[PDB]
Amino acid sequence: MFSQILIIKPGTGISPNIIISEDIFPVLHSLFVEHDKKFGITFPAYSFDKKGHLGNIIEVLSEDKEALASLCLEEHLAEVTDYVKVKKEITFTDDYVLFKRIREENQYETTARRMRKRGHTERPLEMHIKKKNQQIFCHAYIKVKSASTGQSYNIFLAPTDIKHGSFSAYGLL
Amino acid sequence: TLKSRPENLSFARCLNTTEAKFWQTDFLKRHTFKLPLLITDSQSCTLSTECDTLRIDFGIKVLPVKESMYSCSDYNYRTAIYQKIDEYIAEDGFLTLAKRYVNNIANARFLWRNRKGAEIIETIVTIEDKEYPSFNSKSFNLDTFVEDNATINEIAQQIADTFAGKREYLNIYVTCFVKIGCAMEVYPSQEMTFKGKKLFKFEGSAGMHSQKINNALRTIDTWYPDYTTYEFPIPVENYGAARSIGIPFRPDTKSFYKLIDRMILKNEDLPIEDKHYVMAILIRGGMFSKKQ
Amino acid sequence: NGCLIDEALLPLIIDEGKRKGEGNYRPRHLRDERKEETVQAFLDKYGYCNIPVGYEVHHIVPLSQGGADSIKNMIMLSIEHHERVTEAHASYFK
């Protein structure tokens, strides 16, 4: 489907990850919440070696050649331009590896509270947190702040093989 | 009659940079008021609740190039180097490289990471007892090198003449004013205490190591082989090795070692770009020797 | 199954290796090679067909301070836990 490719300009001091997290996410999520129809996000350079990176490059994907123009890409990112360039041609294509959202247990105290009142009252838990968190953590992230809960959380990512489907507000499957 | 480089050849740096010390101030009273900015114990660093500006102060000393050889175990090769530098001082009076250095001062590349999200940045440069008109620092880009400003020319002429003999030293002092806002992080440098992010402290306050400020001002190389594909300035290194994009950008014939072997050990007129890279590598310094 | 979940048992691993390996330094011509058939066998005993994510095989007694290549000298440690052991010994074994 149609797509608009996003560079971060390289060799500027700041890392890709920081620039991607702070700039691109907030404005894309605000635009995504606004224009309700679920768009999609793909990273053309995922390269999991022992841990997993995210690359210089991201792709916004959608299935309407005018919906991308309804997002007004190159005029929204008009402050931080020195670190981001937004190409302006919504070219269709049929090659991509879509991504999803992996989750990660939660700290022992926050599980406990639910773990007691919910019932199922009173070391087996700690093994579950340690194993489940240790397995996942070695993937990529995109630190996220909050508008409501006003909290800091990290949204991990991982590939999949669906090649079509229905997406979410942040951008994954 | 020259067959090889000597067994001991070294240079010194002709651009000496001091370490930076961080201060905090307000903005509409910046020319009357200063306060210490300290580390809060992993370590961290943040502004107060009543200030909205970070002031960064450092200074530069410029030295001549010809009188900056520290060791040469063969007089003939010294005579060759001195004649080649005199040939470049005939063509270009070291103006292009110095213009690029003052441009890297004016773009405010020395505020790495501390530059994203600023609202107004200004930079004043003082030489002797005369202050120079300030710089907007966001009307400049990190891809282009302006060559038609007035103050940049007027500073680069002084730096030039001193890289070439007509003055013996030049002391340049630079102050900066970054408005990030109240209660925002600072990002000073980091120490290899070699756990936790141990931050650097200079005289109680915070600051950057002088090597980072120097590596920001030597990103002037736009004369490498594959520049049309990747269009971005790289630091002036030997086997050109910008660490961000982890691939050597000059592994081969255009390296400094080969290029200086093909200019002293066998007379051959290089293009002006290659001279502009070699005379720079010499401004930086190193142990350019051999294993005879 | 074959991977360490606790974080306290690490000191016992680091110590065992130290106790059994204190002075038996050996040069290269005298160390058992790291075969591929043995890392397969270990995998079978407990299930995995491939080494799971974040885990790396490790010899409890090092193969340069004198040790065996066997199923009884192998543990799978998390990628950060493997960084602790691979340097704490390095200081003690110089």
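What follows draws every value from the coordinates through simple rules; no lab data is involved. Every residue, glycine among them, receives a Cβ derived from its backbone with ideal geometry; neighbour counts consider all protein chains shown.
So here's what we get for this one:
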{"quantity": "In the stretch A:109-131, residue surrounded by the fewest Cβ atoms within 10 Å (Cβ to Cβ) [restricted to those that are within 26 Å of the chain's Cα centre (by Cα) and within 14 Å of chain C (Cβ to nearest Cβ)]", "calculated": "A:128"}
{"quantity": "Residues of the stretch B:196-215 satisfying the condition of being closer than 13 Å to residue B:22 by Cα and of a type in the set (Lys, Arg)", "calculated": "B:201"}
{"quantity": "Selection count, the stretch B:1-44, where residues are over 30 Å from residue B:280 (Cα atoms), polar (S, T, N, Q) and not in a strand (DSSP E or B)", "calculated": "3"}
{"quantity": "Among the residues listed as C:23, C:2, the single one being within 14 Å of chain A (Cβ to nearest Cβ) and out of contact with any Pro (no Cβ under 6 Å at 6 or more places or on another chain)", "calculated": "C:2"}
{"quantity": "Residue check for residue B:189: out of contact with any helix residue (DSSP H, G or I) (no Cβ under 7 Å at 6 or more places or on another chain), buried (at least 17 other Cβ atoms within 10 Å of the Cβ) and small (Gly, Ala, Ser)", "calculated": "no"}
{"quantity": "Per-region count, the stretch A:5-41, residues surrounded by fewer than 16 Cβ atoms within 10 Å (Cβ to Cβ), within 23 Å of residue A:153 (Cβ to Cβ) and touching a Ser or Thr at 6+ places or on another chain (Cβ under 9 Å)", "calculated": "1"}
{"quantity": "Residue check, residue B:183 small (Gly, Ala, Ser) and more than 21 Å from the chain's Cα centre (by Cα)", "calculated": "yes"}
{"quantity": "Residue among A:87, A:51 that alone is within 14 Å of another protein chain (Cβ to nearest Cβ) and over 19 Å from residue A:144 (Cα atoms)", "calculated": "A:51"}
{"quantity": "Qualifying residue in the stretch B:257-274 (condition: within 30 Å of residue A:53 (Cβ to Cβ) and either under 23 Å from the mean Cα position of the chain (by Cα) or in a loop (DSSP other than H, G, I, E, B) (or both))", "calculated": "no"}
{"quantity": "Within the stretch C:15-38, considering residues that are surrounded by 15 or more Cβ atoms within 10 Å (Cβ to Cβ) and not charged (D, E, K, R), the one farthest from residue C:89 (Cα to Cα)", "calculated": "C:38"}
{"quantity": "Residue in the stretch B:46-53 that is touching a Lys or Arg at 6+ places or on another chain (Cβ under 6 Å), more than 14 Å from every other protein chain (Cβ to nearest Cβ), surrounded by 16 or more Cβ atoms within 10 Å (Cβ to Cβ) and closer than 25 Å to residue B:210 by Cβ present", "calculated": "yes"}
{"quantity": "Scan of the stretch B:33-87 for residues that are small (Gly, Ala, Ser) and in contact with a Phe, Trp or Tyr (Cβ under 8 Å, 6 or more places away or on another chain), ordered by number", "calculated": "B:59, B:68"}
